[PDB]
Amino acid sequence: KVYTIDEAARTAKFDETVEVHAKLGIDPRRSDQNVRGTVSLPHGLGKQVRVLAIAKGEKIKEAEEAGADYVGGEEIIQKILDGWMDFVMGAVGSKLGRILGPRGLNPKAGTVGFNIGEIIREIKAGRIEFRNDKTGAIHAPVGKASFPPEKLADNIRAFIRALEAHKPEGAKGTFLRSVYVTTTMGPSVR
Amino acid sequence: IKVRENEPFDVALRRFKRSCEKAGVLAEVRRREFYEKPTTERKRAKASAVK
Amino acid sequence: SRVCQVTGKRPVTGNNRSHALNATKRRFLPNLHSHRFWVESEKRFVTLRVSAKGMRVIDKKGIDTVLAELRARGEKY
Amino acid sequence: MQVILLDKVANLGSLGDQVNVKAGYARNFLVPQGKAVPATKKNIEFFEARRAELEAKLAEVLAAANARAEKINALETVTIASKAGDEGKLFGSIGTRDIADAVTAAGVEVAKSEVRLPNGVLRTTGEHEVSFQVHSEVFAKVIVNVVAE
Amino acid sequence: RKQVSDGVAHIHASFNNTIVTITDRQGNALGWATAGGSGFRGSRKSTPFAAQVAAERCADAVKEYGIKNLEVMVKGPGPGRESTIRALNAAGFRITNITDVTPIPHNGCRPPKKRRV
RNA sequence: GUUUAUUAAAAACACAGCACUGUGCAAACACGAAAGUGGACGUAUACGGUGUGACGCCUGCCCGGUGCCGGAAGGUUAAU
RNA sequence: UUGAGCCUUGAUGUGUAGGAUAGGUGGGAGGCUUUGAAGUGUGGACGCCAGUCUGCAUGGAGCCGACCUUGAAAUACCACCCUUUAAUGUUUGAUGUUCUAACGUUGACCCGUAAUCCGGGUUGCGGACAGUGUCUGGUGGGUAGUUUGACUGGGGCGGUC
Ligand SMILES: [Mg+2]
Ligand SMILES: [Mg+2]
Ligand SMILES: [Mg+2]
Ligand SMILES: [Mg+2]
Ligand SMILES: [Mg+2]
Ligand SMILES: [Mg+2]
Ligand SMILES: [Mg+2]
Ligand SMILES: [Mg+2]
């Protein structure tokens, strides 16, 4: 249809298991596959996370209520370092790198923040909404989309999630939106 | 050369092949012409086959 | 002589401009072709030496009007 | 070119359409063997006069080769003076130029071969019936009554 | 694709190698295999064994028209000349009639010379 | 035999012979913007081009280069 | 209807510590199949004959996940699909098959005609080929026009500018 028949999911149990798997160009020259910072997606969706940031011994009584469920501690920088089955996410900035707490040797979790005045700021919403989607193998954009609770109301992503069309490589044709899972399969157009 | 061999027996039963062709006229023709030397060759097939 | 009886097209002279702009006098012949035409109004084939443009003229005006021009200037066909 | 056709013409034509054909085909085959013609506009309206006439007009004239039978059921009975032998069985008998000539000869004017008395056509007295023909699809029934006078 | 059931297994047994070809009655090539095709080269392929394992491979290639009973035509000397018809019987085959077809000129062409070895 | 008519008659050119190579005939080829014509009123035991030069005894090795001949998959590649 | 654009309906992978032939990351803590399965048995079949698959079938009622390792965990399910193939298309040419009617006929015949031209006609043979026009790449000493320096103890060589 002109946009999408957002009525394209009439059996699993809760068909929210949908994804933003669009198409981009090719690498004939020099371009890359990246995502900004926690792409929220203009839609409340309904996602409560357990966002893991690396603050300190003060950010445990207000740097944990803002679309999350905890924050790594000061004793647990390497005192959570004794297992592979034991242990979004984060890494504060400014002049602070975090290879001493995420480095060598297979998981992605970059976006948390960087504040020199607050742990939960007066106006800072947008983190715990939607995931990332960097480079993969034959393209990019993998993640999540709408749900079994909307209609054409999760097609708020349709005009500001497919509209994330940043400069295409060179010798390509980036443009094709698709989603779905747990019933059939498909997508309309761009 | 040919064997019908109908129903009961999966044994080849072609011992006929050792009754003519094979290394018979086929080892014969396989190589060096000969021409007159078979004469000599067969003059032993009888210088022997006398006894 | 290479002339189209419909249009009068005939060979014209000009140049062959090389890559270095050297001009050598040449010609342009027309795309002539003798062609048999069924005149219904004459129960007869009239064959004209015509250029391709010639034909297209005949396909539009119609062999009757066209012969009618040849006739009207003693271009006998 | 465009060219408008004459006869039916195979995988393209119709009988009087405005198809579009490669000029090689138009000259050299079609128009010469007059199966079509240049769509010289002058012509395409030569054909518009030919799009009103014979069709719109002479099919409500076969609505008269049809409403002849609106006067086939509004009388629905002619009698023939044909008697009876030894028990009300026709001493006469009536066919097509009897049921078309004893149809014409009143206010019911039919063409003599427009009266289908399937045979009975005919061999007894009293009421019978017949199939009256004016059009290919629209005929009409009556009732015939051979009167023994 | 297609089907037969009544067939013919042609074999070309010759000192350097032996070749199995399996075709219908009207010999239109249904499947083949060679002693080289399988492996073994040099001595190697010129062996009854190597001919067994070609006779075999050939089945997994002509079973692809579900053949049931088939005659056997045996050409040339060299191993694989009979060891092939063994691996054929077993392969899963009613084996109809056997014939030997090795050609025999009534003395025509002068054959090669030499083999001062 | 021919040749530099007028400073060269020769070992130069031609020559029978030989070899390559083109040409199926509306031949190749040649003279012709073209029509037309030679080739030929011939037809591969023919016709053209090229070289070699009676005859005798013979004519080896090299296809990298340059010419030519064949090739079709890739690569490159015109107007459009 | 053959070789290319490309798009729905599907495949698929022997680097070590291991229940064992991990494509890269992503939705993911329960879908489903009685719309009638796991693999026994042969059917098309890709082939490194190491193994995979299903329209169908003999079948006939559960298997599993963070489990303990590994730079990367589920053949639990789904797809945007890359390592590279395979089954209709759309038309479009394309290689293709005929046809005849443009066009060729330097076959035969008829008439103008007491004519080896030419024209018209009839026939036979070809046939949208061949050929020609315009455009276009290649080739092209066959033709053509030119260029091919100066200094210099003559010039040339050498050297120099
Ligand atoms: Mg002399
Ligand atoms: Mg002199
Ligand atoms: Mg002198
Ligand atoms: Mg010659
Ligand atoms: Mg000489
Ligand atoms: Mg030599
Ligand atoms: Mg010159
Ligand atoms: Mg000088």
# chains A, B, ... in the order shown; residues from 1 in each chain; ligands from 1
call {"tool": "select_by_dssp", "arguments": {"residues": "segment 5-76 of chain C", "states": "alpha helix (DSSP H)", "output": "list in words"}}
result
residues 52, 53, 54, 55, 56, 57, 58, 59, 60, 61, 63, 64, 65, 66, 67, 68, 69, 70 and 71 of chain C
call {"tool": "residues_around", "arguments": {"residues": "segment 14-28 of chain B", "least_positions_apart": "5", "cutoff": "8 Å", "atoms": "only C-alpha atoms (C1' of nucleotides)", "output": "MDAnalysis selection string"}}
result
(chainID B and resid 1 3) or (chainID E and resid 76:77 98 100 102 104)
call {"tool": "residues_around", "arguments": {"residues": "residue 6 of chain C", "least_positions_apart": "6", "cutoff": "9 Å", "atoms": "only C-alpha atoms (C1' of nucleotides)", "output": "PyMOL selection string"}}
result
chain C and resi 48-51+53-55+57-58+66-67+69-70
call {"tool": "residues_around", "arguments": {"residues": "residue 69 of chain D", "least_positions_apart": "4", "cutoff": "9 Å", "atoms": "only C-alpha atoms (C1' of nucleotides)", "output": "PDB file with N, CA and C atoms, in the first residue's frame"}}
result
ATOM      1  N   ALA D  64     -38.644  -3.118 -35.406  1.00  0.00           N
ATOM      2  CA  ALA D  64     -39.893  -3.161 -36.161  1.00  0.00           C
ATOM      3  C   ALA D  64     -40.025  -4.519 -36.862  1.00  0.00           C
ATOM      4  N   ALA D  65     -38.886  -5.154 -37.142  1.00  0.00           N
ATOM      5  CA  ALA D  65     -38.851  -6.563 -37.532  1.00  0.00           C
ATOM      6  C   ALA D  65     -38.848  -7.385 -36.250  1.00  0.00           C
ATOM      7  N   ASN D  73     -49.695 -11.451 -30.928  1.00  0.00           N
ATOM      8  CA  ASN D  73     -50.361 -11.920 -29.715  1.00  0.00           C
ATOM      9  C   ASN D  73     -51.525 -11.012 -29.290  1.00  0.00           C
ATOM     10  N   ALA D  74     -51.778  -9.955 -30.061  1.00  0.00           N
ATOM     11  CA  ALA D  74     -52.868  -9.026 -29.769  1.00  0.00           C
ATOM     12  C   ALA D  74     -54.135  -9.385 -30.554  1.00  0.00           C
ATOM     13  N   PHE D 132     -44.311 -18.095 -35.469  1.00  0.00           N
ATOM     14  CA  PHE D 132     -44.253 -17.025 -36.473  1.00  0.00           C
ATOM     15  C   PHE D 132     -42.926 -16.272 -36.514  1.00  0.00           C
ATOM     16  N   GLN D 133     -42.354 -16.146 -37.708  1.00  0.00           N
ATOM     17  CA  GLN D 133     -40.968 -15.716 -37.846  1.00  0.00           C
ATOM     18  C   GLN D 133     -40.780 -14.391 -38.580  1.00  0.00           C
ATOM     19  N   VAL D 134     -40.180 -13.421 -37.899  1.00  0.00           N
ATOM     20  CA  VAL D 134     -39.846 -12.139 -38.518  1.00  0.00           C
ATOM     21  C   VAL D 134     -38.378 -11.771 -38.289  1.00  0.00           C
ATOM     22  N   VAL D 138     -36.455 -13.192 -32.415  1.00  0.00           N
ATOM     23  CA  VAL D 138     -37.817 -12.838 -32.010  1.00  0.00           C
ATOM     24  C   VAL D 138     -38.865 -13.251 -33.045  1.00  0.00           C
ATOM     25  N   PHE D 139     -39.566 -14.338 -32.734  1.00  0.00           N
ATOM     26  CA  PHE D 139     -40.584 -14.908 -33.610  1.00  0.00           C
ATOM     27  C   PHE D 139     -41.989 -14.548 -33.085  1.00  0.00           C
ATOM     28  N   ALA D 140     -42.626 -15.486 -32.375  1.00  0.00           N
ATOM     29  CA  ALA D 140     -43.866 -15.238 -31.629  1.00  0.00           C
ATOM     30  C   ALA D 140     -44.938 -16.296 -31.900  1.00  0.00           C
ATOM     31  N   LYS D 141     -45.726 -16.603 -30.872  1.00  0.00           N
ATOM     32  CA  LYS D 141     -46.793 -17.596 -30.978  1.00  0.00           C
ATOM     33  C   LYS D 141     -48.146 -16.955 -31.267  1.00  0.00           C
TER      34      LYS D 141
END
call {"tool": "residues_near_ligand", "arguments": {"ligand": "ligand 8", "cutoff": "12 Å", "atoms": "only C-alpha atoms (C1' of nucleotides) and all ligand atoms", "output": "PyMOL selection string"}}
result
chain G and resi 149-152+154-156
call {"tool": "write_last_selection", "arguments": {"atoms": "C-alpha atoms (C1' of nucleotides)", "output": "PDB file, in the first residue's frame"}}
result
ATOM      1  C1'   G G 149      66.170  21.703 -35.684  1.00  0.00           C
ATOM      2  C1'   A G 150      70.564  24.762 -34.984  1.00  0.00           C
ATOM      3  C1'   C G 151      75.834  25.193 -33.423  1.00  0.00           C
ATOM      4  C1'   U G 152      80.062  22.929 -35.995  1.00  0.00           C
ATOM      5  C1'   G G 154      83.273  22.265 -44.629  1.00  0.00           C
ATOM      6  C1'   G G 155      79.531  18.612 -43.679  1.00  0.00           C
ATOM      7  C1'   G G 156      78.548  14.154 -41.171  1.00  0.00           C
TER       8        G G 156
END
call {"tool": "residues_near_ligand", "arguments": {"ligand": "ligand 4", "cutoff": "12 Å", "atoms": "only C-alpha atoms (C1' of nucleotides) and all ligand atoms", "output": "list in words"}}
result
residues 18, 19, 20, 21, 22, 23, 44, 46, 47, 48, 49 and 50 of chain F
call {"tool": "select_by_dssp", "arguments": {"residues": "segment 70-109 of chain E", "states": "strand (DSSP E)", "output": "list in words"}}
result
residues 70, 71, 72, 73, 74, 75, 94, 95, 96, 97, 98, 99 and 100 of chain E
call {"tool": "interface_residues", "arguments": {"of": "chain C", "to": "chain F", "cutoff": "12 Å", "atoms": "only C-alpha atoms (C1' of nucleotides)", "output": "list in words"}}
result
residues 1, 2, 11, 26, 27, 28 and 29 of chain C
call {"tool": "residues_around", "arguments": {"residues": "residue 79 of chain E", "least_positions_apart": "5", "cutoff": "7 Å", "atoms": "only C-alpha atoms (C1' of nucleotides)", "output": "ChimeraX atom specification"}}
result
/E:13,15,46-48
call {"tool": "atom_distance", "arguments": {"atom1": "atom CA of residue 84 of chain A", "atom2": "atom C1' of residue 67 of chain G"}}
result
13.2 Å
call {"tool": "residues_near_ligand", "arguments": {"ligand": "ligand 3", "cutoff": "9 Å", "atoms": "only C-alpha atoms (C1' of nucleotides) and all ligand atoms", "output": "MDAnalysis selection string"}}
result
chainID F and resid 7:9
call {"tool": "interface_residues", "arguments": {"of": "chain D", "to": "chain G", "cutoff": "9 Å", "atoms": "only C-alpha atoms (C1' of nucleotides)", "output": "number ranges by chain"}}
result
D: 24-25, 27-29
call {"tool": "write_last_selection", "arguments": {"atoms": "C-alpha atoms", "output": "tab-separated table (two decimals), in the first residue's frame"}}
result
chain	number	residue	atom	x	y	z
D	24	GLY	CA	5.92	-1.84	-44.01
D	25	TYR	CA	2.72	-3.79	-43.40
D	27	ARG	CA	2.04	-0.21	-47.72
D	28	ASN	CA	2.96	-3.48	-49.47
D	29	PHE	CA	0.11	-5.57	-48.02
